[PDB]
Each structure stands twice: as C-alpha cells, then as structure tokens.
Amino acid sequence: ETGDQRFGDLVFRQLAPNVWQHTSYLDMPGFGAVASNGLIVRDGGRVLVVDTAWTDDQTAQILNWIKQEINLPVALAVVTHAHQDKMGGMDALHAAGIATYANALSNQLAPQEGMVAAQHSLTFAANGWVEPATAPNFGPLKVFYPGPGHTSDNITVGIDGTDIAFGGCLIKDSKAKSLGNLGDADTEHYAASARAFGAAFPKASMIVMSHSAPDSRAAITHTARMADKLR
Ligand SMILES: [Zn+2]
C-alpha cells in the first residue's frame, strides 16, 4: 500500500501480518545487482530471523530496520546453508548478542567456506525433521532437512500459522531456465530433495526463495522436474 520499503541498502517486503522478506544486493560487474532474500518473523514479543544479508554491514542494517520498524528484540537467527548469501552476516549477529543456529553440517563446512559457524548446531532425525532439543523455543519456525540438493547442508523452513515456506537456495522459480550453480550440488538426489521439501510443507501456498520473488508451489514442481534431467 506504501510499497516495498527501502531501508539503507536493503529492501523489505511484507509477506504476511507477521512476516517480512528481507533483501540485500551484491552488484557483480556483468551480472547487475544480485538479490539475496531471507525472512523476518514477528512471533509475539520476539523477532526470528532466517538468514543474513550478503555482508555483515547489510546484516547490521537488517537489525536496525527491525529495531526501528518492529521495535521487538531478536531472539534468534537460523542460517539455511553455508555460503555468503545465507551466512555472510554471522559476525554482525554475534556482535548483537543474537543466538545463531545452523545445520551441524553447515557448521562443519563453515571453516572451509571461509565463514563463521553459528553458535548452535541443529541435528535432524531420519525423517528430516529437526530434533526439537537442538532447536529450543523456535515458536512458529519449523525446520526441515530435505537431504542433499543445491548443497549437501541445505535446510528449509516453514512458518507455522502462515501459508509461507522458505526453500533457500534449493528451490528455483517456476520459470527458471536452470538450477544454476551445481558445484556443491548432489545431482542424483536433487530432485527427491525438492519433492521432500514440498511434502514437508504440504500446505504452504507461498514459497519464498533466495534469489527471486515469492512464487507458488509451481516453483517446487518446476525445480524437481529440472532436477530429474540430471539423474
Ligand atoms: Zn548457496
């Protein structure tokens, strides 16, 4: 109604009464500006964050936006995989005293990827759901590890009480021409891993993704079908 708010170098798009997409950009000569998306979730008297911005500085701006726009404390942040777009503002989260969580494997891979591990490790049961003891007080955040896909550590998040689920860098948009960068990809499991995500949040009608605008469930089926062509 007032459109998408520009704050610092960042853009915020309200997806639901309690949920916002946060967006930061990296201008890569020859590619133009590349968007990275994450979530902000107001749960009662606290805010929960999914992913960082590309950099620590942009991640500090997310925190400033929350303080100024929502004025509630940030209880915790979850990072979807170990890569710059999801994990790049870890130091800013630490400096702010925010409890950080990532897949235990993300935390294992972090040093190699040249990044800072989150404070806490999430572990997942055989059915892919996070062990509740490793994710204390996650509220509406439901964390699912679909298996190896775009990376081996990629996880995914639904928001209880909304129609939203977030597939991270695993799901591409319904018109995407390719699955993009496969260097860390497990190409034989990728398709199953996408369908697993779909089945893990069967009710979500809005799929937020890393690099593009929110899409419908078509994004999941499109991604799965492209990934079928690799196996
Ligand atoms: Zn990635």
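In the PDB archive, X-ray crystallography is given as the structure determination method for this entry, at a resolution of 2.270 Å.

Asks: Please clarify how the UniProt feature "binding site: substrate" in the chain should be interpreted in this entry.
Replies: In the numbering adopted here, UniProt assigns the feature "binding site: substrate" to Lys 172 and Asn 181. Inspection of the secondary structure assignment puts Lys 172 in the loop between β11 (164–166) and α5 (190–200). Beyond its immediate sequence surroundings of up to four residues, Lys 172 is in contact with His 150, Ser 178, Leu 179, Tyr 190, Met 209, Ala 219, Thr 223 and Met 226. A polar contact of 2.8 Å, which involves the side chain of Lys 172, links it to the backbone oxygen of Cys 169. Counting through the fold element by element, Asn 181 comes out in the loop between β11 and α5.

Asks: Quick question: what am I supposed to make of unusual backbone geometry here?
Replies: A negative phi holds for most residues other than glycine; trans holds for most peptide bonds. With a phi close to 80°, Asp 51 is a non-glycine residue in the positive phi region. Locating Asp 51 in the fold gives a position in the loop between β5 (46–50) and α1 (56–70). For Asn 137, which is not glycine, the phi dihedral falls at a positive 60°. By the element assignment, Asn 137 lies in the loop between β8 (120–122) and β9 (141–144).

Asks: Just checking my understanding: could you explain the UniProt feature "binding site: Zn(2+) 1" in the chain for this structure?
Replies: The UniProt record marks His 81, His 83 and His 150 with the feature "binding site: Zn(2+) 1", using the residue numbering of this structure. Judged by maximum C-alpha separation, these annotated positions cover 70 residues in sequence but sit close together in space, the widest gap being only 11.3 Å. Relative to the helices and strands, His 81 resides in the loop between β6 (74–79) and α2 (84–87). Taking the relative accessible area as the measure of exposure, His 81 reaches 2% and is therefore buried. In this structure, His 81 is in contact with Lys 86, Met 87, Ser 106, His 150, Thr 151, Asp 153, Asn 154 and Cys 169, ignoring residues within four places of it in sequence. Turning to its location among the elements, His 83 is positioned in the loop between β6 and α2. Sequence-distant contacts of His 83, defined by excluding residues within four places in its chain, comprise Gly 88, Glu 113, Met 115, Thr 151 and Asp 184.

Asks: Before we go on, may I ask you to explain the side chain of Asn 107 in this structure?
Replies: Here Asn 107 is to be found in helix α4 (residues 104–113). Using a relative accessible area of 10% as the deciding quantity, one classes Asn 107 as buried. Here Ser 121 takes part through its side chain, which lies 3.0 Å from a polar atom of the side chain of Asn 107. The residues contacting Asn 107, other than those within four sequence positions of it, are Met 87, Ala 102, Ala 117, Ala 118, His 120 and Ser 121.

Asks: How do you make sense of the environment of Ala 92 when you look at a structure like this?
Replies: Among the secondary structure elements, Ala 92 is positioned in helix α3 (residues 90–95). For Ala 92, a relative accessible area of 13% translates into the label buried. C-alpha separation for the pair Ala 92 and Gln 58, spaced 34 residues apart in sequence, amounts to 8.9 Å. Other than its neighbours up to four places away in sequence, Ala 92 contacts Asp 56, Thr 59, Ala 60 and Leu 63.

Asks: Looking at this structure, I do not really get the pairing of strand β4 (residues 32–43). What am I missing?
Replies: When a strand is regular, its side chains alternate between the sheet's two faces. Pairing of strand β3 (residues 19–28) with β4, which is carried by 10 bridges, proceeds in the antiparallel orientation. Along β4, the bridge assignment pairs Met 28 with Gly 32. Linking two consecutive strands that pair antiparallel, namely β3 and β4, is a turn of three residues; a positive phi of about 95° is found at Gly 30 within it. By the bridge criterion, five bridges tie β4 to β5 in an arrangement that is antiparallel. Bridge pairing in β5 places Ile 40 opposite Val 49.

Calculation notes
- Residues numbered from 1 in each chain as written, not as in the entry; some residues may be left out.
- Heavy atoms only, no water.
- UniProt positions renumbered as here; feature names shortened; annotations may be inferred.
- Helix = DSSP H or I, 4+ residues; strand = E, 2+ residues; numbered from the N terminus.
- Contact = heavy atoms within 4.5 Å.
- Polar contact = N/O pair within 3.5 Å; in protein donor to acceptor, adjacent residues only side chain to side chain.
- Buried < 20%, exposed > 50% of the residue type's maximum accessible area, 1.4 Å probe, protein only.
- Pairing = 2+ DSSP bridges.

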